[PDB]
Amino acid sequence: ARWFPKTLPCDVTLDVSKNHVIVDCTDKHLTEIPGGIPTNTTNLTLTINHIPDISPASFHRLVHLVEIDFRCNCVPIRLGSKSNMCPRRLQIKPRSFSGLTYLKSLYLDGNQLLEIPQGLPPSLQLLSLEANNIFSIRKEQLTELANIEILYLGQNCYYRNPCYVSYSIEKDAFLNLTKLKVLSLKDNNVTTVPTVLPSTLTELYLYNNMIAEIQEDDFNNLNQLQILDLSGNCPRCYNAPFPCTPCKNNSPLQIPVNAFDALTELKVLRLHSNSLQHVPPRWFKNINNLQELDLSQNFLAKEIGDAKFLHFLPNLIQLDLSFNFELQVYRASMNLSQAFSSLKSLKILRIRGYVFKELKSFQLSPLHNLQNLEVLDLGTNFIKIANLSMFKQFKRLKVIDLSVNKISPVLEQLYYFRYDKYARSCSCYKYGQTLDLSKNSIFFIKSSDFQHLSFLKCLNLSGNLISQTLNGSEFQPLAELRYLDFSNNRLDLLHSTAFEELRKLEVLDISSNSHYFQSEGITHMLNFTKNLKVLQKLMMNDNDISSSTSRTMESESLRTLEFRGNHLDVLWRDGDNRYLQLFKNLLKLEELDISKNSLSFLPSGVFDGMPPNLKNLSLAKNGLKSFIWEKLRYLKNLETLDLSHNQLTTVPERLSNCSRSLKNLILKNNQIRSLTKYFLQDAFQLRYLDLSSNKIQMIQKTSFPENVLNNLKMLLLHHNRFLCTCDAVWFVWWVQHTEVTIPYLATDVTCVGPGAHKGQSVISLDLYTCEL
């Protein structure tokens, strides 16, 4: 099927449309650029390898290169592996790039470079040197970069990669770079805005530096600028989870009132962590087009009650005023200026970390006529009291977020508090209007709590204290609710009428409600499913369920059930027939996850008792030691079977004789030592087979007939114990010459023996000695 075996340890791809030949050698444990890279190669990635030098030899033949990604072949000591520390900085010999006449992008981040590589081609539009040790920019070193448009110089002098001096930039160093659009000098220990900058800039990044003061003419020429970020100059250092040095005298970043006058094109201004106490209106006099403004992590509590600057921002889309609270203060209420009412275009308003006791309807009144408001985020406020019915005046919003509060009767997990949330390394919103009440102190709920909230489509109660015997009378107003997250509560299923009032509920998550399921001889009515007539998906993961008062769960509607991390091993105790039909009457059930249920065996009757339309079944992570494959005959619509992370030692004698329907078979991380003689014979329906991370030594043609193999979308064999004797000749040949996709042929499909070939990739194996 292939005349010449692909032997290069890099994935290769044609996007013939854009004459792109893409060679990806990301993380292949290489110490040399591999031989025999295609001449027509356009994009070459050599990221995360241990290649110690670049020379004219490196790219000699590859003249059609438009991109070289050579990131992290020597990452700074503190950012990189400590088990494989890079010994010495990447060596770049002269004339290494001057050849590459079509080169448009060059990434040399995280290689401990001391200086900007010279002799670069004039075609270059983008050059990235983040996380090197370049902390002085001279005009002379930048002349090569005439046609440059995007320049990343950040992370060259900061706490993870220290240089122990101030960043230095020569006067007018970037001025003659007349096509420069994006300049990033973030995380560099910079002390003044470099001037003069080319007027051609669209984006300027100066955050996480030691800039104390903005000169009034620092941004005078930048009349094309759209994004400016001055964040984390004079940072607010309270509970900073990085080392943090504030400007002395508790001073803020000092910004002349007329500093932004030139920036008529500005769309995004970021002044996060600048220790601001006031926001002068005068800043925003000649910027009417500002859309995104970040004023998070300042000291603007008082200002939020005033905020005259808001009158000048009628086009603003996003406003962030999060974490402005005064240290040592627990305000009684949120004091929002009337000025908020002048934010005609506002779609998103975030004010986390204001920190106040009580939210009352009136206090949100400035927001009442903001027609386009879509998100209100009042998370992490330690609010103790909130009549949720106030949100009746907010039907128009997509999300009301009261997450992480103390109420009782998306973003990255570390978003506001991480150092560089945009650092490069080496959900129920879609159902409609969402009230996120997660991680609060709600211990008791009743119908009136939700009075006037009929419009809600998703309600997130995850992470509360609800410890109550729901009888179908608690959620009565929520006649439109489609999704309920009840995870991390203490559901008590005394009554099978639980949740039945939610007449349109499509998704119910009662995962991690193990409290009442963890105790012996308490009633649990798992048959509560019957009343929920439109329920598509039920999650009851990690409930530690080992007893049930009802013998059968029933739904005419339910399609997916996650039952992971329970104790079906106890319910199906060998000899106890009573629960072998627990899922049988879930008639439309298509997907069942019963992984992590300690099922070391399956009692007979388990497969017979499965509902008749089951398609996707997980029995992963069960410590299964044995498995009657023949019983798969009962599962007449089975498509996907996940037996990953078990202790199976064998496969069936004939898989076609086990199931006619089975497409996707996952057997990874088992103890399988050898295949049956005619394993896959006549199994024409099979499309995906994972046998990775087993202990297979031989694979003969009888077990792996070609007329089954050649229909496989994918076939995983890596991390086995392959013996490369002459007996293995068919398999070695077949691997080397097959079209079928087999991940990790470079990295992890390898001979353990005999002696001679130990550690050697089978892709590379010369077995001519078997043919003399």
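Take the two forms, superpose them, and find the largest set of C-alpha atoms that agree within 1.5 Å; that set is the rigid core. A residue's number is simply how far along the shown sequence it sits, counting from 1.
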Between 80-88 and 587-595, where do the CA atoms move more in 4 other deposited structures of this protein, taking the root mean square over the structures and residues after a core fit? 80-88
Does the deposited sequence hold unmodelled residues between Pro409 and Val410, and if so, how many: none, 1 to 3, 4 to 9, or 10 or more? 10 or more
According to the entry, are there none, 1 to 3, 4 to 9, or 10 or more residues of the deposited sequence without coordinates between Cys163 and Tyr164? none
Which has higher Cα B-factors on average according to the PDB entry: 375-383 or 360-368? 360-368
Going by the average Cα B-factor in the PDB entry, point out whether 651-659 or 201-209 comes out higher. 651-659
Among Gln155, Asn223, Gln254, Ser557, highest Cα B-factor in the entry goes to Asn223
Peak C-alpha temperature factor (PDB record), options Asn133, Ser425, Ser441, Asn543: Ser425
Quick check for you: using the entry's CA B-factors within this chain, is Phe284 in the lowest, middle or highest third? highest
Among modelled residues of the same chain, the CA temperature factor third for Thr725: middle
Among the modelled residues of this chain, does the Cα B factor of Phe394 put it in the lowest, middle or highest third? middle
Within this chain, which third does the Cα B-factor at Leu717 fall in: lowest, middle or highest? lowest
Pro52: which third of its chain by C-alpha temperature factor? middle
